[PDB]
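Here the structure is laid out as structure tokens; the discussion comes afterwards.
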Amino acid sequence: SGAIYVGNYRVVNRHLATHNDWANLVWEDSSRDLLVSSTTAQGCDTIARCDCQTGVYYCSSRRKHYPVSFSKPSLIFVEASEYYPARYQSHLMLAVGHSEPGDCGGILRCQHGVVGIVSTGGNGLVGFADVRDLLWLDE
Ligand SMILES: NC(=O)[C@H]1CCCN(C(=O)Cc2cccc3occc23)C1
Ligand SMILES: [Zn+2]
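Each residue of the sequence shown is one higher than the last, beginning at 7 in the entry's author numbering.
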């Protein structure tokens, strides 16, 4: 579990979105596993606007932060799940690192701010849904 809070927005994994998130929907994309909903309170996360390929993520299943090198956002095949059929997930970045299903929502950050959130994993890999292209999150 986990979310990004920036301005009047809440960014979460689309497969973990709540009834409240869907009742206050701003935008959602199944191909990215992202959903953004509106909030009454003000968010203070800084979103990174960069092409960094190194950063640090939070891994809830270990209660620890890990440094990682990660790939550029791209279309990566993801096996079928209870939430989606087998498909290519777009805007996804992979890294070598520990992850378990409950790790989704953990933030990945570089020196510039929030890069994205854990969205996939398995076999010593961890996948992050990128958020750096969503320029509208700031205004
Ligand atoms: N974006 C998707 O389509 C997700 C939906 C839920 C399932 N999923 C996973 O990758 C499950 C998983 C296994 C093992 C380590 C994992 O770390 C994070 C997630 C995960 C794909
Ligand atoms: Zn950066």
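Idealized CB from N, CA, C, for every residue including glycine.
- Per the DSSP secondary-structure output, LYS78 pairs with nothing in a beta bridge.
- Taken from the Cβ of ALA101, every heavy atom of ligand 2 lies 7 Å or farther away.
- Rounded to whole angstroms, the Cβ separation of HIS118 and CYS58 is 7 Å, and the two are in contact under 8 Å.
- Contact check between the region 81 to 92 and the region 45 to 58: fewer than three CB pairs, one atom from each, fall below 8 Å, which does not count as touching.
- At the C-beta level, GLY127 and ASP139 stay beyond 8 Å of one another.
- Taking all protein chains in view, the Cβ of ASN129 is surrounded by fewer than 16 other Cβ atoms within 10 Å, so the residue is classified as exposed.
- Relative to ligand 2, the beta carbon of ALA135 is positioned no closer than 7 Å to any heavy atom.
- Cβ-Cβ separation between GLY111 and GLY8: approximately 3 Å, consistent with a contact (criterion under 8 Å).
- Around the beta-carbon of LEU31, fewer than 16 other beta-carbon atoms lie within 10 Å, marking it exposed.
- Just so you know, the alpha carbons of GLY133 and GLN48 end up roughly 28 Å apart.
- A residue is listed when its beta-carbon falls short of 5 Å from at least one non-hydrogen atom of ligand 2; in chain order these are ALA54, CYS56, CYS58, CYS116, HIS118.
- Just measuring C-alpha positions, the residue of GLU85, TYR64, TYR72, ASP35 sitting nearest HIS97 is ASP35.
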